[PDB]
Amino acid sequence: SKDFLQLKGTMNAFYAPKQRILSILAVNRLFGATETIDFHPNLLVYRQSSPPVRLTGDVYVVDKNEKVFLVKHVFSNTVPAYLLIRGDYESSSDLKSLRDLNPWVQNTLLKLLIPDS
Amino acid sequence: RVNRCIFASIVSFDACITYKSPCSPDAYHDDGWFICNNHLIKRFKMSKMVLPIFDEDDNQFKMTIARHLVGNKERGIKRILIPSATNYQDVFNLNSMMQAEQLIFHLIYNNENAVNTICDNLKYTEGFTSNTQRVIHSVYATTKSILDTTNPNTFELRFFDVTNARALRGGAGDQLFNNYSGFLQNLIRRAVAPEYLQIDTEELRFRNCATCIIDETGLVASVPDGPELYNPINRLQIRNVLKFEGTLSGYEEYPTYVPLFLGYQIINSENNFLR
Amino acid sequence: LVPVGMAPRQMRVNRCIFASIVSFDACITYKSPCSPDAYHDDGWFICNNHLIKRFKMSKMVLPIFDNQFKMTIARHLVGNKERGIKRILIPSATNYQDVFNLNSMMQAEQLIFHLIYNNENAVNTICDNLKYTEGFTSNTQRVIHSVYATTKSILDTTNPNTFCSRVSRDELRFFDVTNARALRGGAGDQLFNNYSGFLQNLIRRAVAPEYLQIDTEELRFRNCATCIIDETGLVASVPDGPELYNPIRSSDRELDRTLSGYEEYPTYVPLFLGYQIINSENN
Amino acid sequence: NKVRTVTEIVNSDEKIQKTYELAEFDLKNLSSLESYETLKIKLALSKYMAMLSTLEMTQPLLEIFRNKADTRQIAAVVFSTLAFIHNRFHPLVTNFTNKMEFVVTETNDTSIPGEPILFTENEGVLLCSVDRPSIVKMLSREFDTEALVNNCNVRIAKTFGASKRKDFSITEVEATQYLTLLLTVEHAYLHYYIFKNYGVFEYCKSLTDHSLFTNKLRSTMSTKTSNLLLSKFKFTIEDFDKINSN
Amino acid sequence: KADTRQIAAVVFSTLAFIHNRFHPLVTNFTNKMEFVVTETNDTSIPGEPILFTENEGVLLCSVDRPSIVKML
Amino acid sequence: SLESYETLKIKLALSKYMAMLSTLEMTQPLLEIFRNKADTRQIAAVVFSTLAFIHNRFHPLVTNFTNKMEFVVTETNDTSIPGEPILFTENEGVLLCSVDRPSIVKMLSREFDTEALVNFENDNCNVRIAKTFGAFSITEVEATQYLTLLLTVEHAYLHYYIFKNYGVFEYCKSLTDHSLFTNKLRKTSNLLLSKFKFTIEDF
Ligand SMILES: [Zn+2]
């Protein structure tokens with residue numbers, strides 16, 4: 001939909017500007033994208049919060065130094081996915097290793113994170 | 001300005017080592033303590049406190065008391081506050097502390113063999129006779145003077161194991177208290193508050209249950225039974241930048257402390273003795 | 001007119017029930033003494049002044065934690081030598097009429113008590129007597145209706161949440177002596193049930209639990225209980241033996257030379273009794 | 001303008017001289033006075049709105065004045081405003097003593113330009129005449145809620161010193177309506193005061209020329225009474241001189 | 001433009017560095033400091049991309065980030 | 001030299017005030033104490049101790065001093081008088097001491113011209129060079145703040161002495177007119193306000 005744009009080089013990753021959200025479909029492909037946007041760190045705007053914003057469910061650490069996390073999220077219409085967030089966050093439960101994630105999301109994350117030097 | 005800061009009479013006899021001695025000012029207070037607050041905290045996990053008893057007009061009985069610095073998860077050695085002479089060497093990592101501090105501890109526990117061993121080892125320091133022996137003399141004399149001062153036998157009805165309901169029999173915590181040195185006994189008296197205070201046939205109860213435990217291992221911040229009491233505790237950075245400029249706040253707070261409450265103090269016909 | 005049609009406005013609200021006390025004799029002006037704390041939107045529905053005056057209790061906070069949670073707690077104002085009825089910190093529905101001197105206090109406060117304690121007979125008696133007493137119609141009737149409406153509004157705010165808490169699974173509280181091997185504890189939960197919903201809320205806000213199990217972590221605030229509950233109600237008594245000394249230093253030289261600025265442990269006696277359990281934080 | 005201070009020790013002659021520019025304190029004083037006056041005026045306006053609410057009339061002000069039938073509410077509002085102004089001049093007065101009559105004109109040949117509210121005795125008691133059509137016209141005229149109104153140095157200094165902060169049907173439009181009504185009733189009250197205290201002939205002369213207000217009022221107003229609402233600002237007619245020459 | 005945090009950090013660090021260079025004994029700035037990043041010409045003042053104004057309680061530093069970007 | 005000896009005496013008096021402050025044993029500097037409104041008790045104790053110190057100095061033979069005083073820390077503008085941050089009223093037999101905490105905080109927070117001004121001093125480069133070849137602290141700003149507070153309380157204490165010795169009527173009249181103590185010393189010598197002069201001129 002027009003609410004977001006598919007990230008270049010990804011079949012299951014998109015970004016919603018008005019929401020400032022990067023999302024990765026758990027098991028689903030994107031389709032119909034006539035446009036794509038190059039990934040860039042600015043997209044992961046650091047969320048400011050005097051007390052760390054609490055998070056629930058499955059949480060994974062991407063960059064402890066940069067407060068980057070991956071949060072399991074299901075769209076109310078029951079669409080599984082993960083949200084990549086950067087900011088002052090804390091986890092209600094124990095943080096989980098990324099290896100737990102499926103190869104699909106893992107490949108997308110590698111593409112999005114490792115700079116193409 | 002007598003500095004009673006036992007464990008600050010420590011001199012880094014090693015040239016390469018400098019002892020900061022960053023310890024609490026209260027050592028210059030002519031109190032019943034022979035060890036000031038920071039030494040107490042560091043080496044016994046205790047924080048000095050005072051408990052007023054009568055504070056109406058001028059009767060200002062202010063019994064002293066220290067607080068646990070032990071959480072509700074530590075156990076065994078981690079929980080022991082004042083170890084016995086049989087286990088203090090183990091509880092304290094003497095090897096990790098300066099030999100002068102080790103000497104102080106050995107003197108406190110009357111480990112003359114360890115004292116002799118330490119001075120024998122110091123015998124083989126490069127500047128041994130020059131200044132190592134002078135440091136030995138200074139530290140040893142200071143510690144001995146403090147110990148003699150504490151010891152009452154030199155030149156009253158406080159019972160520490162007599163509070164423990166549900167105990168099978170025996171007490172003997174007072175036995176070990178007797179076995180302790182004068183300095184250790186005075187420290188225990190100064191820091192531990194008897195749960196009961198009887199004056200001329202007048203009993204005051206401060207707690208419904210004692211908080212400390214005394215046994216062969218020594219003084220332990222343990223409970224008489226059940227689980228342990230809950231005991232909680234610029235370099236501008238990017239994170240230090242705050243975001244946009246923009247719940248019982250109105251009520252006072254009861255401390256989440258665990259003061260040393262244990263024992264029964266009996267006072268004879270003597271009235272409200274305030275000297 | 002200025003305001004939008006209806007449009008219920010938003011402002012602060014005095015919360016202590018006793019703030020509504022007013023002399024039914026309109027020709028006699030009266031002002032009740034209210035502590036400013038009454039204007040804090042908190043679980044307390046009684047101000048410090050009324051609490052101390054009627055229940056012998058003082059509010060207090062207990063920090064809890066990483067994130068420092070503040071748990072409400074009250075403390076004893078009961079002296080060591082007080083005995084018998086004096087030890088009733090909060091009377092039960094079967095004893096409040098006696099513990100509180102209805103005769104000595106105002107009719108409005110008597111109605112407030114007969115409302116808090118579910119005494120419909122006494123409430124009706126007072127209402128009818130006021131109907132047939134003084135110039136009821138002129139303004140006394142409206143004043144009585146206002147006081148009754150305020151009390152009923154507070155009670156209707158509290159009781160539904162109280163019942164939901166009672167049947168709640170996630171949050172559980174047990175007002176008894178955690179030392180089951182004791183005789184002064186008894187069916188504290190049954191007595192708490194006997195209490196009214198609003199009274200139950202007050203008890204929850206006042207008495208902290210001896211232990212508190214959050215999810216998997218348990219915090220033991222006491223190795224003992226500082227108060228008990230019996231048929232008489234909340235009693236400021238030691239379940240095991242001698243009463244705790246309560247100096248009451250306020251309200252109703254070498255020693256200091258050594259004891260200059262120096263941490264001091266308060267002599268207050270907070271309320272610790274019973275077991276509490278919670279899932280997640282819910283804070 | 002400016003001042004300077006000299007510090008010196010009694011036994012020593014080494015003196016330190018500092019200079020101060022009074023413009024800073026002038027800015028402080030002006031800002032304080034402006035804030036105080038704004039607060040006073042807003043307090044008075046809120047009080048007026050609140051008492052009108054206390055009267056508890058269902059309709060809003062403009063609707064009330066549009067409802068020609070309900071003369072009762074028009075009279076109530078007018079009298080309440082007049083009494084409020086009277087008290088604002090004589091705080092110890094909370095009533096109006098002599099009863100008051102009211103009439104609501106409905107035609108140009110019944111209204112007098114420039115004095116929508118006026119007074120005249122029936123030789124026994126005072127009657128207040130109201131030009132409800134004119135009141136409605138004033139309160140209905142579209143208001144500007146956008147444009148601002150106004151030494152550049154002190155202006156900039158205030159701009160950089162003073163700060164800014166970023167369920168009532170009242171908008172600035174309704175506040176303006178209330179202020180306009182208050183000012184009109186204040187003018188009428190001044191006319192009535194001159195009447196009562198200087199005779200009907202003096203009242204007529206004042207109507208002819210308001211300038212007499214100067215003495216006839218300042219004799220008592222500026223000394224004992226709260227300043228006129230208009231006192232908050234100095235008003236002037238655009239191109240007044242050329243218009244007069246016209 | 002999004003990461004105002006870093007802009008404020010850099011600006012304050014530079015300001016403190018200059019302040020110390022004038023007063024070497026000073027390593028902090030005492031009173032807390034506010035920061036705002038303008039984004040429009042009608043919000044920026046020519047010739048003073050960085051400026052200061054108190055809110056009557058504490059000083060606020062105004063930054064013309066577009067002008068800074070243009071210069072650099 | 002001589003003037004240097006009087007300077008040393010004045011600095012010794014300041015040091016005695018420092019001993020009084022240490023006796024009070026405040027964790028925070030007076031600036032932070034005054035900035036913290038919640039520290040009402042600390043502010044009152046500071047003021048009372050300063051007043052007692054000034055009383056002892058002004059009456060060396062007298063060690064007595066009012067051991068209890070009502071205190072009120074004011075914050076609102078309408079609760080303060082320009083030029084008299086400290087006031088001594090009486091509530092029908094009750095002696096009230098009003099404090100203008102915002103004014104105190106403002107004075108303390110004012111930047112001082114420590115470096116800005118250059119003043120004469122013992123300065124011999126030969127001595128400096130000879131020394132070079134032979135080879136808890138208080139800053140100047142803190143000392144200035146501390147002097148300012150001491151002198152403020154000195155003014156307040158003089159007004160208080162007028163109040164007690166003459167009465168509330170004369171205390172108010174002194175507040176209106178301060179000409180009474182142009183002479184000052186006439187006891188007073190131990191008061192720093194008698195050590196220097198300050199004047200204002202049209203300019
Ligand atoms: Zn109240």
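Residues numbered from 1 in each chain as written, not as in the entry; some residues may be left out. Chains lettered and ligands numbered in written order. Part of a larger assembly, values for the part shown. Heavy atoms only, no water.

The name the PDB entry gives chain E is Occlusion-derived virus envelope protein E27, with Autographa californica nucleopolyhedrovirus as the organism. As recorded in the PDB, this entry has the title "AcMNPV complete basal cap".

Taking the PDB entry as the reference, chain B is identified by name as Major capsid protein belonging to Autographa californica nucleopolyhedrovirus. According to its UniProt record, chain B has this under Function: "Most abundant structural protein of the nucleocapsid produced during the infection cycle. The monomers are arranged in stacked rings around the nucleoprotein core." Quoted verbatim from the Sequence similarities heading of the UniProt record, the comment on chain B is "Belongs to the baculoviridae major capsid protein family." (UniProt positions renumbered as here; feature names shortened; annotations may be inferred.)

With that settled, consider the interface of chain B and chain C. Contacts between the two partners involve 51 residues from chain B and, on the opposite side, 50 residues from chain C. In this assembly, chain B packs against chain C so that about 4500 Å² is buried in total across both faces, 57% of it on carbon and sulfur atoms. Per-residue buried area on chain B facing chain C is highest for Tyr230, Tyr251 and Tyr254 of chain B; these three make up 19% of the total on that side. Counting the contacts that link chain B with chain C gives seven salt bridges. For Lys62 of chain B, the salt bridge identified is with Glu264 of chain C, shortest N-O distance 3.9 Å. The interface formed by chain B and chain C includes 28 residue pairs in polar contact. At the level of secondary structure, the elements contributing two or more residues to the side of chain B that touches chain C comprise strand 1 (46-55), strand 2 (60-68) and strand 6 (203-205) of chain B. The biggest single contributor to the side of chain B that touches chain C is strand 1 of chain B, with nine residues. Its residues assigned to classes, the side of chain B that touches chain C shows 25 nonpolar, ten polar and 16 charged. (Contact = heavy atoms within 4.5 Å. Buried area = accessible area lost by both parts, 1.4 Å probe. Salt bridge = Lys/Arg side-chain N within 4 Å of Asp/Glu carboxyl O. Polar contact = N/O pair within 3.5 Å; in protein donor to acceptor, adjacent residues only side chain to side chain. Helix = DSSP H or I, 4+ residues; strand = E, 2+ residues; numbered from the N terminus. Nonpolar A, V, L, I, M, F, W, Y, C, P; charged D, E, K, R; others polar.)

This next bit is on a positive patch on the surface. Together, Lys18 and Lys28 of chain D together with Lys106 and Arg110 of chain F line one region of the surface with positive charge. Along the polypeptide, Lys28 of chain D turns up in helix 1 (residues 23-55). By relative accessible area, which is 56% here, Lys28 of chain D ends up exposed. (Patch = residues over 30% accessible without salt bridge, like charges linked within 9 Å, V, L, I, M, F, W, Y side chains within 5 Å. Areas by Shrake-Rupley, 256 points an atom, 1.4 Å probe, with all protein chains shown as cover. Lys, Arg positive; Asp, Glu negative; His and termini not counted. Charge placed at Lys NZ, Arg CZ, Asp CG, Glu CD. Buried < 20%, exposed > 50% of the residue type's maximum accessible area, 1.4 Å probe, protein only.)

All names here are of chain B. Ordered by their spatial adjacency, three strands build an open sheet running 3-8-7, and the pairing between neighbours is antiparallel. Both outer strands of the open sheet, strand 3 (80-83) and strand 7 (213-215), are each paired with one neighbouring strand and no more. Across this sheet, the average inter-strand angle for adjacent strands is 20°, counted without regard to direction. Bridge count for strand 7 against strand 8 (residues 218-220) is three bridges, and the pairing is antiparallel. Bridge pairing links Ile214 to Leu219 in strand 8. (Pairing = 2+ DSSP bridges. Axes fitted to C-alpha atoms, helices over the stretch in contact; angles between N-to-C directions.)

As a further point, take the coordination of the zinc ion. All names here are of chain C. Bound to the zinc ion on the protein side are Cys16 (SG), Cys34 (SG), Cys47 (SG) and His50 (NE2), at distances that span 2.0 to 2.3 Å. One way to put it: the four donor atoms around the zinc ion meet at angles of 82 to 151°, and that makes the site irregular. Each donor residue of the zinc ion lies on the same chain, and together they follow the pattern C-x17-C-x12-C-x2-H. Classification of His50 as buried rests on a relative accessible area of 6%. (Donors = N, O, S within 2.8 Å, 3.2 Å for Na, K, Ca; no water. Tetrahedral: all angles 85-135°; square planar, octahedral: opposite > 155°, others 65-115°.)

What follows concerns unusual backbone geometry. Notably, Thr78 of chain A is not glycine yet its phi reads approximately 60°, a positive angle. By the element assignment, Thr78 of chain A lies in the loop between strand 7 (68-75) and strand 8 (79-86). A positive phi angle is found at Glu123 of chain D, which is not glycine, with a value near 75°. Along the chain, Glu123 of chain D falls in the loop between strand 4 (117-121) and strand 5 (126-131).

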